[PDB]
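The data below hold one chain only, encoded as structure tokens and taken in the form deposited in one PDB entry.
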């Protein structure tokens, strides 16, 4: 596919959070955003479409991958229409926004579509550790790509519609408020289905300014998604491990701001999980087989954290409880898109040194 072949030769250009802010500083930048995105979106679409073809034919020929592939092909064709059009024509700029909304909505069902493909592979070829490693590698990259493409589309369509927040970015995101929002939603669900919910305790440590409420530049909807998913797991674990107790331990959150990290630790006393099992919570193949369908899930939550050079880590004490830490870059200049790229370095990934008794 030569049109895929053309754009796949470029690599995506990852943007900083600071660079996103300067793209939405004014509605005059719409021409600049249009000329940027009409090249960059085909580059990002084509790079991931080329990686999808590295999948073995027995994966490539399943209906769910063909369906998703057909969406990317169409989305790419929609965009490369605008490659010769005139940015000084306000009809070109509005038809471009229209086309971006259509592309976003066309791809809305990708997550359950790919999940259905994982389910099929488990039953048509099995769930061995080597298959699992390839699924992890591919889906982490495919979903991060998808997050980055939605980010670009959201920043354009939200800003140039026709300002404190800048599209999906809040330059003064109050982290503790997003924590409380996510807790409140999870509590609402947990009270409904379990007739009980732990309370919340929040503390902040602003190391450099001990009195200042902690703010940052971030995408608050991503931070909400991660926190909501963590709260859901921590509340269900706390309730189910205390069936015979009257007091529910609270869920505790510490928000810390350092020179480089902004860290959010959540802590439960919900009984914990053995170290040998805990990483299964981030495995796409484990995660496929009440509160089940309310959030994005733990694998995707960690990708949201990684998208701007952060991370999401779990560590548990079996018999006691579990902690989760969201790590975010404290500086907007360090908050840069983490994007997959297709080359031969990725090409060879797709292609017994300890003793046993």
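Numbering follows the first chain given and starts at 1.
Although it is not shown, the form solved in complex with a small molecule is what the next lines describe.
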query	finding
Exercise: residue 23 in contact with the small molecule in the bound PDB entry, heavy atom 4.5 Å	yes
Partner contact for residue 336 in the bound PDB entry: the small molecule, 4.5 angstroms, heavy atom	no
Contact flag, residue 75 vs the small molecule in the bound PDB entry, heavy atom cut 4.5 Å	no
Residue 15, heavy atom within 4.5 angstroms of the small molecule in the bound PDB entry	yes
Heavy atom distance at most 4.5 Å to the small molecule in the bound PDB entry, all of 19, 33 and 37	yes
In the bound PDB entry, segment of 75-83, 178-186, 152-160, 212-220 with a heavy atom within 4.5 Å of the small molecule	152-160
